[PDB]
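*Asks:* Sending over a structure as structure tokens; questions will come in a sec.
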Amino acid sequence: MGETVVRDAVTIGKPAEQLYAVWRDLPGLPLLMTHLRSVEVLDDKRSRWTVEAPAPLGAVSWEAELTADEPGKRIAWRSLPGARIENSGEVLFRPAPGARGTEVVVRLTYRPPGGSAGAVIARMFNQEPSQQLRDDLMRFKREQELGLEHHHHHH
């Protein structure tokens with residue numbers, strides 16, 4: 001219908017790790033990094049917590065993996081050859097100009113909101129002088145900079 005691949009970048013006061021982690025509740029499992037990981041469970045984009053099954057997708061028919069993960073370089077989302085990801089987008093991280101934080105440059109295709117009026121309501125008092133462009137991605141920045149939890153993640 002109107003699936004648009006928008007390329008823009010938002011700046012939030014988070015290093016990088018928590019920026020791509022925006023798809024989660026800001027997790028804190030530094031145990032599952034590098035090699036020697038048995039628990040390939042993240043739940044972020046789904047996962048199917050099998051751990052034992054051969055291949056990340058060679059069992060559960062529909063599963064999700066993240067094909068790229070770097071501490072602060074670029075992260076590309078995936079959904080494994082089992083489920084076959086419909087979406088596409090690799091997020092890159094660079095230090096924002098003026099030291100305003102980190103700017104996440106994303107080129108991703110997605111479906112647009114039907115009601116654009118939902119954005120303009122914020123103009124009543126938004127306190128966000130971020131131009132009359134990139135409307136859809138601006139609310140994303142707002143919610144990312146708003147969301148903050150313990151770095152260990154406490155639930």
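Just so we're on the same page: first chain in the structure tokens is A, next is B, and so on; residues restart at 1 for each chain, and ligands are numbered from 1 in the order they show up.
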For residue 120 (chain A), please output as an MDAnalysis selection string all residues within 12 Å (counting only C-alpha atoms; exclusion window: fewer than 2 positions along the same chain).

*Replies:* chainID A and resid 115:118 122:126 132:133 135:136 138:139

*Asks:* Give me the residues near residue 52 (chain A) as a PyMOL selection string, where near means some atom within 12 Å (using only C-alpha atoms) and where sequence neighbours in that chain fewer than 4 positions away do not count.

*Replies:* chain A and resi 37-41+48+56-60

*Asks:* When distances are computed from only C-alpha atoms, which of A:130, A:18, A:47, A:4 shows the smallest separation from residue 113 (chain A)?

*Replies:*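 That would be A:4, the residue with the smallest distance to residue 113 (chain A).
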
*Asks:* Run DSSP on the backbone of this structure and report the residues of chain A it assigns to helix (DSSP H, G or I), as number ranges by chain.

*Replies:* A: 17-23, 80-83, 97-99, 117-124, 135-146

*Asks:* For the structure I just gave you, how does DSSP split chain A - specifically, which residues are strand (DSSP E or B)? Reply as a PyMOL selection string.

*Replies:* chain A and resi 4-12+44+46+66+74-77+90-95+102-110

*Asks:* Nearest to residue 45 (chain A) among A:72, A:114, A:85, A:29, with distances taken over only C-alpha atoms: which residue is it?

*Replies:*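 Checking each candidate against residue 45 (chain A), we get A:85 as the closest.
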
*Asks:* Write out as a list in words each polymer residue whose atoms come within 8 Å of residue 78 (chain A), counting only C-alpha atoms; drop sequence neighbours fewer than 2 positions from it.

*Replies:*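 With the cut-off at 8 Å, the set is residues 64, 65, 66, 67, 76, 80, 84, 85, 87 and 88 of chain A.
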
*Asks:* Just the number, please: distance in Å from CA of residue 63 (chain A) to CA of residue 93 (chain A), one decimal.

*Replies:*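 CA of residue 93 (chain A) lies 26.2 Å from CA of residue 63 (chain A).
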
*Asks:* Just how far from CA of residue 148 (chain A) is CA of residue 79 (chain A), in Å to one decimal?

*Replies:*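 Atom-to-atom, CA of residue 79 (chain A) to CA of residue 148 (chain A), that is 26.6 Å.
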